[PDB]
Amino acid sequence: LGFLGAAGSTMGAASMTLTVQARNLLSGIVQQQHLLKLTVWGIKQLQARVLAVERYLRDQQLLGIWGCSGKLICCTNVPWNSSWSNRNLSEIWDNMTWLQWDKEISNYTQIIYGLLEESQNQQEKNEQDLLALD
Amino acid sequence: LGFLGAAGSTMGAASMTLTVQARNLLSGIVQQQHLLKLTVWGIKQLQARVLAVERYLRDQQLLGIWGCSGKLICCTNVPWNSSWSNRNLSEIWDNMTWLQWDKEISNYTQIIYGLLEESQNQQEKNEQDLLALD
Amino acid sequence: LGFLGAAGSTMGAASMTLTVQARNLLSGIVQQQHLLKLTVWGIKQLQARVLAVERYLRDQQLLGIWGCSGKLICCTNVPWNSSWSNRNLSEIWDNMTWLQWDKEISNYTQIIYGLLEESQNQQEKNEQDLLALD
Amino acid sequence: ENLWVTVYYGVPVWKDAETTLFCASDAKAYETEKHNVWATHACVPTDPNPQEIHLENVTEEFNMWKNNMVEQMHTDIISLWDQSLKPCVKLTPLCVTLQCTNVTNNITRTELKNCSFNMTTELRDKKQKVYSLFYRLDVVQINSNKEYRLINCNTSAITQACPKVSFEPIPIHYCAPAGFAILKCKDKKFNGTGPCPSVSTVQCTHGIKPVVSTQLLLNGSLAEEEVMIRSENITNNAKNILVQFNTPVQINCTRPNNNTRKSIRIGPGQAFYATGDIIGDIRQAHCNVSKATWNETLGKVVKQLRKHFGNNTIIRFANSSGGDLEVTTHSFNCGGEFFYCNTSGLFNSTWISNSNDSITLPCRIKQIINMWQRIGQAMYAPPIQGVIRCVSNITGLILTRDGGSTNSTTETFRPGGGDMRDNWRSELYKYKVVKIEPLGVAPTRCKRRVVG
Amino acid sequence: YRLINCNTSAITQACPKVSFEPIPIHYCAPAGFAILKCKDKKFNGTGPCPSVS
Ligand SMILES: *[C@@H]1O[C@H](CO[C@@H]2O[C@@H](C)[C@@H](O)[C@@H](O)[C@@H]2O)[C@@H](O[C@@H]2O[C@H](CO)[C@@H](O[C@@H]3O[C@H](CO[C@H]4O[C@H](CO[C@H]5O[C@H](CO)[C@@H](O)[C@H](O)[C@@H]5O)[C@@H](O)[C@H](O)[C@@H]4O)[C@@H](O)[C@H](O[C@H]4O[C@H](CO)[C@@H](O)[C@H](O)[C@@H]4O[C@@H]4O[C@H](CO)[C@@H](O)[C@H](O)[C@H]4NC(C)=O)[C@@H]3O)[C@H](O)[C@H]2NC(C)=O)[C@H](O)[C@H]1NC(C)=O
Ligand SMILES: *[C@@H]1O[C@H](CO)[C@@H](O[C@@H]2O[C@H](CO)[C@@H](O[C@@H]3O[C@H](CO[C@H]4O[C@H](CO[C@H]5O[C@H](CO)[C@@H](O)[C@H](O)[C@@H]5O)[C@@H](O)[C@H](O)[C@@H]4O)[C@@H](O)[C@H](O[C@H]4O[C@H](CO)[C@@H](O)[C@H](O[C@H]5O[C@H](CO)[C@@H](O)[C@H](O)[C@@H]5O)[C@@H]4O)[C@@H]3O)[C@H](O)[C@H]2NC(C)=O)[C@H](O)[C@H]1NC(C)=O
Ligand SMILES: *[C@@H]1O[C@H](CO)[C@@H](O[C@@H]2O[C@H](CO)[C@@H](O[C@@H]3O[C@H](CO[C@H]4O[C@H](CO[C@H]5O[C@H](CO)[C@@H](O)[C@H](O)[C@@H]5O)[C@@H](O)[C@H](O[C@H]5O[C@H](CO)[C@@H](O)[C@H](O)[C@@H]5O)[C@@H]4O)[C@@H](O)[C@H](O[C@H]4O[C@H](CO)[C@@H](O)[C@H](O)[C@@H]4O)[C@@H]3O)[C@H](O)[C@H]2NC(C)=O)[C@H](O)[C@H]1NC(C)=O
Ligand SMILES: *[C@@H]1O[C@H](CO)[C@@H](O[C@@H]2O[C@H](CO)[C@@H](O[C@@H]3O[C@H](CO[C@H]4O[C@H](CO[C@H]5O[C@H](CO)[C@@H](O)[C@H](O)[C@@H]5O)[C@@H](O)[C@H](O)[C@@H]4O)[C@@H](O)[C@H](O[C@H]4O[C@H](CO)[C@@H](O)[C@H](O)[C@@H]4O)[C@@H]3O)[C@H](O)[C@H]2NC(C)=O)[C@H](O)[C@H]1NC(C)=O
Ligand SMILES: *[C@@H]1O[C@H](CO[C@@H]2O[C@@H](C)[C@@H](O)[C@@H](O)[C@@H]2O)[C@@H](O[C@@H]2O[C@H](CO)[C@@H](O[C@@H]3O[C@H](CO[C@H]4O[C@H](CO)[C@@H](O)[C@H](O)[C@@H]4O)[C@@H](O)[C@H](O)[C@@H]3O)[C@H](O)[C@H]2NC(C)=O)[C@H](O)[C@H]1NC(C)=O
Ligand SMILES: *[C@@H]1O[C@H](CO)[C@@H](O[C@@H]2O[C@H](CO)[C@@H](O[C@@H]3O[C@H](CO)[C@@H](O)[C@H](O)[C@@H]3O)[C@H](O)[C@H]2NC(C)=O)[C@H](O)[C@H]1NC(C)=O
Ligand SMILES: *[C@@H]1O[C@H](CO)[C@@H](O[C@@H]2O[C@H](CO)[C@@H](O[C@@H]3O[C@H](CO)[C@@H](O)[C@H](O)[C@@H]3O)[C@H](O)[C@H]2NC(C)=O)[C@H](O)[C@H]1NC(C)=O
Ligand SMILES: *[C@@H]1O[C@H](CO)[C@@H](O[C@@H]2O[C@H](CO)[C@@H](O[C@@H]3O[C@H](CO)[C@@H](O)[C@H](O)[C@@H]3O)[C@H](O)[C@H]2NC(C)=O)[C@H](O)[C@H]1NC(C)=O
Ligand SMILES: *[C@@H]1O[C@H](CO)[C@@H](O[C@@H]2O[C@H](CO)[C@@H](O[C@@H]3O[C@H](CO)[C@@H](O)[C@H](O)[C@@H]3O)[C@H](O)[C@H]2NC(C)=O)[C@H](O)[C@H]1NC(C)=O
Ligand SMILES: *[C@@H]1O[C@H](CO)[C@@H](O[C@@H]2O[C@H](CO)[C@@H](O)[C@H](O)[C@H]2NC(C)=O)[C@H](O)[C@H]1NC(C)=O
Ligand SMILES: *[C@@H]1O[C@H](CO)[C@@H](O)[C@H](O)[C@H]1NC(C)=O
Ligand SMILES: *[C@@H]1O[C@H](CO)[C@@H](O)[C@H](O)[C@H]1NC(C)=O
Ligand SMILES: *[C@@H]1O[C@H](CO)[C@@H](O)[C@H](O)[C@H]1NC(C)=O
């Protein structure tokens, strides 16, 4: 459980400790640490540190437009379409690893993302027009 | 409306879809993709990717100290000063593009920013001293 | 008070203006600004700009998993252990600079961080399982 | 119905991909010796605490002959070799008509030449003659009094390696960047590449050293069981075969020649370090192998090849048929100078169907080299003044085809290490990096506030 | 005679249009760091400077 401890465990047990996975990835790699410094290792270190933040910030930009700036688990007001999966409540959470589930939505994973921005943020932050001051 | 679709449209219509504009900018440019790699294109790629995140994070640092960590539209508790603009409610929102408005506050745009940090965060996060536990 | 104005002042007075300190650090350094550009200054500029964001984002990743995505001051639901400090309410806040306090918890500062992720986020975002929809 | 969708940041899913890595080595030599050709002058130091986590219930499919970690390793060492040789003395005014004669053998094997030439001195106006020595095959005849020629001047340039550069391989960890992880296989019998059931997610690899060897790998890693056999393709005899030793055979190589550093200033500052007169007799270089310990290793290999290769055919172990003297002999850099010990003596044994003597091998030394068939630029190896000994563990074997035998029986695998990338595969057969995706959506009745 | 350098090291003429006049070169700190300057006049040796900027 020190890192990816529940990679093979159930999606429910993996959902119990998903903080750990998030903590190590951005921070990890110990990047922090003749006269030249133009060596082949330093240039592989810098670009490896650039995608470090540019893959982190690629994901953190998505949660910000979903109301999840500082939450590891948002429940979003987007209804689930039956075409994406036909399995019941306890059918997936007590049976599949997150690995199996990632390939089962990888086909229509982009369709979900586009709809998440519309109802949870594009409309929700607008619904306060009549409720902010009245 | 795929990107900047309402650049020339009203500030109200542009405010209806401002999610789109935000999504593409951080992600955009498809940065992700003899033996050397020290070419003139790679160095123009890396620095172009550095300002990508260092202009994004220059803006995202401002919304964080305004209570808007993960909201595209915050209504802030700072009163509007009449000296900044004399036009009525429906006078600007039904008449000006965001382009015109950006030059009309560009003079006193910094004065707004300094005041936004004080009342919405510097005082608000302090007002809980007597209300958090009591 | 333009920057670090209360470095030597009380922790309470320093807590009155901690916005300022936060604003300048990410933005600061004016990084934004023969035919080659491979000089010794440019390479010291780029890596100095990389740790700029990779030390900022090293800290901002911690506040996100603490419910503090866009707040400078969160009150966290983690109880304080007496072993960390024996001093009373007004004993530290009216007497010590933040400098003195940083060395007084630097021994057990990591123990606090690990516990902050568990009760404020690892359990709190889970407590909505029975309260989200019911 | 009435089910909502929910977002999860911190999910453990990944997809097979490869990106850039970096070096990791702790405090090794620094002051007592420095200017290493591999660890450069400074690399990212590894932490003494090993980053390891055992993964359970997971069975990710690795690949070794399609793994891109060996590809980045292959290309990293190449660009690293040239980076450590560019700022060193070039040897261009060393291509002049050489007039040599055989060494003093009491008017009676030869292998070396007491040669001379004239070069540039500190002043471009003046010239100077100096007598040095060279090795055979480093020179080939032109057309009385023998007049010779450096073999490289016919094809490519030449640049002498720096004298204070250490050519000893040290452990160089390859650790994954942020948002990625190197999966190592913990299953002992990892035949070929398939689904390894026992997986560990480690951030830094183990102490991997860049042993530049040929036919016979040295100082490799292994973790028990029968001597493992790995092949990209077992049915195709044409493909190469990597072999791993359940236990290493302690070998010793050395040259008995007692040489002397003869520095001669070419141009302003540069100095060409050549061989002087050899003091204290002349002898041939050799590598010893434990004869009793080798007969057990060739027996364990043929045993596990048996159930792999029909277990009915005849074993025919022969010398490396064909090839070049540098690609068929056990070529390796040791102690500064480059050895090429004669392999043909080891594989003479044939075993089929059911204080102590040690076999030795004749070896020669070469100073002109441009390894891995890189024809761009060659380098001269300064003779290391004094004594030389190698004494390394051998842990691997590289075996190649056995002709186009049409059915019938009778066949084995004679040694060939035609490719340098395969040498690094003996350490990276279990490693594969994956692109971690921390985003994962899943449905559950669950919604936030209605209006906000 | 003889150039003294040819005995030891190489030689490369400096470019004629290169200005060898020293100009003020500020050393400024990166982001997340700060250069503390002492304002105390009599800073004997190195100790605790009371007046810091
Ligand atoms: C590998 O190859 C290298 C290179 O050798 C190359 O070819 C040889 C022929 C020679 O020309 C080299 O210069 C050339 O680079 C070998 O290294 C050389 O080996 C040779 C082997 O013969 C050595 O030659 C001996 O040198 C003796 C000393 O001469 C040195 O100093 C000379 C000037 O000094 C003068 O004053 C000193 C005293 O202060 C006297 O001792 C010296 O004689 C001079 O008067 C200088 O010109 C030389 O180059 C050298 O630096 C010299 O005494 C020997 O000659 C004698 O004795 C020999 C037997 O030992 C005999 O065979 C010779 O015929 C000769 O007899 C007569 O001696 C008279 C003395 O005055 C002389 O006047 C006569 O002319 C001479 N008879 C005739 C005619 O020949 C040798 O000449 C040489 O020193 C080595 N290199 C150096 C340091 O220069 C190397 O050994 C080879 N490998 C191996 C391991 O074999
Ligand atoms: C596969 O793995 C194997 C593992 O064995 C690798 O094989 C060999 O493993 C050996 C393990 O000991 C390595 O041995 C080392 O050898 C170096 C040799 O450096 C000598 O020469 C240097 C340069 O020459 C100068 O000095 C000499 C006089 O020696 C002089 O004639 C020359 O003109 C010139 O001035 C010197 O800089 C260096 O000091 C040394 O003389 C050796 O340095 C290592 O030293 C250790 O062991 C020695 C002998 O027991 C011991 O004295 C050392 O003690 C301390 O003090 C000395 C003297 O001041 C100091 O130099 C040391 O730093 C210490 O402070 C020390 O314990 C060691 O013997 C070998 O390099 C390695 N490689 C070879 C050749 O095979 C194998 O390489 C791997 N795979 C393959 C095939 O690559
Ligand atoms: C790395 O090292 C290896 C070490 O093996 C080296 O391999 C050498 O390869 C070369 C070229 O390929 C070989 O070169 C020649 O081999 C000749 C073959 O022998 C003829 O004459 C035989 C009599 O020789 C006696 O010794 C041989 C062993 O060489 C032995 O088999 C014989 O029984 C006999 O005792 C003759 O018998 C033989 O054929 C008859 O007998 C055999 C065996 O019973 C039978 O099967 C046949 O049907 C037939 O009846 C054949 O006709 C050899 O003659 C030749 O030179 C020899 O004589 C000269 C002159 O005196 C010597 O100087 C020399 O040392 C030999 O004794 C030459 O050797 C060579 O044999 C291989 N191995 C060595 C070194 O012996 C690799 O090339 C090396 N790699 C590199 C980088 O070079
Ligand atoms: C490791 O890699 C190796 C790569 O070789 C894989 O090895 C496989 O080995 C088997 C051994 O039987 C091969 O089987 C045959 O290969 C033939 C190659 O085709 C050559 O000839 C073609 C035509 O040329 C002329 O001669 C042929 C001779 O049969 C005549 O039939 C023809 O009329 C012509 O006169 C060329 O077009 C081609 O380029 C080659 O030069 C195949 O021809 C042969 O096909 C037979 O079987 C087929 C499959 O059942 C069938 O569909 C055909 O009709 C025909 O009956 C047969 O495939 C494999 O080809 C070879 N693989 C590869 C990649 O070629 C090895 O499998 C792998 N590792 C493993 C899994 O162990
Ligand atoms: C994820 O989705 C992909 C592709 O689906 C696309 O993307 C989604 C989001 C939708 O927009 C779809 O409309 C898109 O098409 C699926 O890929 C399928 O993979 C299989 C296996 O590789 C493909 O099967 C092929 O079958 C060929 C033979 O056709 C036979 O049947 C036809 C029809 O009767 C007949 O005409 C023909 O004669 C044959 O009898 C075969 O040659 C080929 O090699 C291959 O096996 C299939 O075509 C792919 N999908 C489509 C519709 O193209 C993934 O399976 C899916 N995964 C999950 C988990 O859902
Ligand atoms: C560099 O070395 C070369 C040889 O590789 C020099 O060229 C000539 O080499 C011959 C070899 O015998 C020298 O021999 C001399 O010949 C003359 C006349 O035949 C004879 O009288 C001498 O006793 C001796 O045998 C010869 O000196 C040398 N030069 C000439 C003019 O032929 C070459 O000169 C050397 N340096 C350079 C490049 O100038
Ligand atoms: C490691 O061992 C496994 C078995 O546990 C090997 O997998 C099996 O290998 C055989 C022989 O290579 C395969 O049979 C052959 O398949 C080829 C096509 O690849 C076909 O052309 C031949 O006619 C024959 O059927 C077999 O399919 C394969 N898989 C299974 C499930 O048995 C594996 O090859 C060994 N090597 C590795 C991966 O290191
Ligand atoms: C490799 O060759 C060198 C150089 O010949 C050897 O070094 C020499 O070793 C001897 C051992 O006794 C040293 O001792 C004595 O020196 C005196 C005075 O010069 C001499 O008169 C004696 O005959 C004897 O040589 C000697 O000083 C030393 N160096 C020299 C200049 O010869 C070395 O021993 C040889 N191989 C190795 C590493 O053992
Ligand atoms: C600047 O002035 C201060 C005093 O305001 C100096 O501090 C004191 O310096 C003296 C002499 O260096 C120290 O006494 C000596 O200490 C050494 C060990 O460092 C010891 O071996 C001698 O026997 C002697 O006791 C004294 O301890 C030191 N500190 C204090 C509190 O008085 C300072 O050295 C001057 N130089 C600088 C820092 O520019
Ligand atoms: C070499 O082959 C023999 C027989 O061909 C092996 O003996 C066993 O033979 C039976 C029946 O043919 C097989 O079912 C067994 O699998 C064989 N043994 C095993 C464990 O493979 C003999 O074992 C083979 N060589 C060795 C020593 O493994
Ligand atoms: C189970 O799945 C069926 C469709 O296969 C669906 O109609 C049903 O509503 C699901 N069960 C629940 C708990 O709603
Ligand atoms: C020197 O060795 C070469 C090697 O080919 C040979 O051709 C030549 O005859 C030898 N000369 C003498 C006299 O030994
Ligand atoms: C290598 O040298 C060591 C020195 O102790 C010796 O024990 C060993 O037997 C040698 N091995 C061989 C066969 O070279």
# chains A, B, ... in the order shown; residues from 1 in each chain; ligands from 1
>>> residues_near_ligand(ligand="ligand 9", cutoff="6 Å", atoms="only C-alpha atoms and all ligand atoms", output="VMD selection string")
chain E and resid 44 to 47
>>> residues_near_ligand(ligand="ligand 8", cutoff="9 Å", atoms="only C-alpha atoms and all ligand atoms", output="number ranges by chain")
D: 257-260, 278-280, 385-387
>>> residues_near_ligand(ligand="ligand 13", cutoff="12 Å", atoms="only C-alpha atoms and all ligand atoms", output="NGL selection string")
:D and (248-254 or 286-294 or 355-361 or 389-394)
>>> residues_around(residues="residue 101 in chain A", least_positions_apart="6", cutoff="10 Å", atoms="only C-alpha atoms", output="tab-separated table (two decimals) with N, CA, C and O atoms, in the first residue's frame")
chain	number	residue	atom	x	y	z
A	11	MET	N	-11.79	-2.38	-7.29
A	11	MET	CA	-11.97	-0.94	-7.45
A	11	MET	C	-12.44	-0.29	-6.15
A	11	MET	O	-12.12	0.87	-5.89
A	92	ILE	N	-19.71	-4.39	-10.83
A	92	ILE	CA	-18.40	-3.90	-11.24
A	92	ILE	C	-17.50	-3.60	-10.05
A	92	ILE	O	-16.31	-3.93	-10.07
A	93	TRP	N	-18.05	-2.99	-9.00
A	93	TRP	CA	-17.23	-2.55	-7.88
A	93	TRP	C	-16.69	-3.70	-7.04
A	93	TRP	O	-15.70	-3.52	-6.33
D	13	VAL	N	-4.21	3.06	-13.04
D	13	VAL	CA	-4.27	2.47	-14.37
D	13	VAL	C	-3.11	3.01	-15.20
D	13	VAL	O	-2.60	4.11	-14.94
D	440	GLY	N	-9.73	8.37	-13.68
D	440	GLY	CA	-10.61	7.24	-13.83
D	440	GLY	C	-12.03	7.55	-13.40
D	440	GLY	O	-12.27	7.94	-12.25
D	441	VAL	N	-12.98	7.39	-14.32
D	441	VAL	CA	-14.39	7.69	-14.07
D	441	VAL	C	-15.13	6.40	-13.77
D	441	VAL	O	-14.85	5.35	-14.38
D	442	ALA	N	-16.07	6.46	-12.83
D	442	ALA	CA	-16.90	5.32	-12.47
D	442	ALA	C	-18.24	5.84	-11.98
D	442	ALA	O	-18.29	6.91	-11.34
>>> residues_near_ligand(ligand="ligand 11", cutoff="7 Å", atoms="only C-alpha atoms and all ligand atoms", output="NGL selection string")
(:A and (86-89)) or (:D and (1))
>>> decode(residues="range 20-90 of chain C", atoms="C-alpha atoms", output="tab-separated table (two decimals), in the first residue's frame")
chain	number	residue	atom	x	y	z
C	20	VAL	CA	1.49	39.12	-0.08
C	21	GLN	CA	4.13	36.58	0.52
C	22	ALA	CA	2.22	34.08	-1.57
C	23	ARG	CA	1.60	36.41	-4.49
C	24	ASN	CA	5.16	37.41	-5.31
C	25	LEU	CA	6.94	34.05	-5.14
C	26	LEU	CA	5.47	32.20	-8.13
C	27	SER	CA	5.36	35.30	-10.34
C	28	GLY	CA	8.63	36.86	-9.19
C	29	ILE	CA	11.95	37.18	-10.95
C	30	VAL	CA	10.81	38.78	-14.18
C	31	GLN	CA	11.46	35.50	-15.97
C	32	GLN	CA	9.19	36.41	-18.77
C	33	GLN	CA	11.95	38.48	-20.38
C	34	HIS	CA	25.63	36.78	-32.97
C	35	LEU	CA	22.43	34.82	-33.62
C	36	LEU	CA	22.64	31.90	-31.17
C	37	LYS	CA	20.67	31.56	-27.92
C	38	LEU	CA	22.71	28.72	-26.38
C	39	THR	CA	24.49	31.00	-23.90
C	40	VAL	CA	25.37	30.23	-20.28
C	41	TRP	CA	22.78	32.76	-19.06
C	42	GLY	CA	19.85	31.28	-20.98
C	43	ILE	CA	20.46	27.81	-19.58
C	44	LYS	CA	20.68	29.23	-16.05
C	45	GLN	CA	17.45	31.11	-16.78
C	46	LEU	CA	15.51	28.06	-17.97
C	47	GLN	CA	16.40	25.74	-15.09
C	48	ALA	CA	15.83	28.59	-12.63
C	49	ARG	CA	12.35	28.88	-14.17
C	50	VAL	CA	11.79	25.10	-13.93
C	51	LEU	CA	12.30	24.89	-10.16
C	52	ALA	CA	10.17	28.05	-9.97
C	53	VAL	CA	7.12	26.08	-10.99
C	54	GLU	CA	8.32	22.72	-9.71
C	55	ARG	CA	8.70	24.08	-6.17
C	56	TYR	CA	5.41	25.97	-6.41
C	57	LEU	CA	3.61	22.89	-7.75
C	58	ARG	CA	5.36	20.76	-5.13
C	59	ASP	CA	3.53	22.80	-2.47
C	60	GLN	CA	0.24	23.37	-4.33
C	61	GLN	CA	-0.11	19.59	-4.71
C	62	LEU	CA	-0.27	19.29	-0.91
C	63	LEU	CA	-3.05	21.86	-0.36
C	64	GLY	CA	-5.19	20.18	-3.02
C	65	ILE	CA	-5.34	16.92	-1.06
C	66	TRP	CA	-6.17	18.92	2.09
C	67	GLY	CA	-9.34	20.63	0.85
C	68	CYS	CA	-7.44	23.89	0.43
C	69	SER	CA	-7.36	24.24	-3.35
C	70	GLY	CA	-8.07	27.97	-3.24
C	71	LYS	CA	-7.78	29.04	0.39
C	72	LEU	CA	-4.74	30.55	2.08
C	73	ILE	CA	-5.95	29.37	5.52
C	74	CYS	CA	-7.80	26.09	6.09
C	75	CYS	CA	-8.82	24.99	9.55
C	76	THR	CA	-8.30	21.23	9.42
C	77	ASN	CA	-10.22	18.58	11.40
C	78	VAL	CA	-7.00	16.92	12.66
C	79	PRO	CA	-6.54	17.01	16.46
C	80	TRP	CA	-3.31	18.46	17.80
C	81	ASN	CA	-1.04	16.07	19.71
C	82	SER	CA	0.43	17.45	22.93
C	83	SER	CA	3.83	15.89	22.23
C	84	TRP	CA	4.41	18.31	19.33
C	85	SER	CA	4.29	21.39	21.58
C	86	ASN	CA	3.33	22.02	25.21
C	87	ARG	CA	2.74	25.78	24.93
C	88	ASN	CA	-0.70	27.30	25.49
C	89	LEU	CA	-2.92	29.33	23.14
C	90	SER	CA	-1.45	32.79	23.69
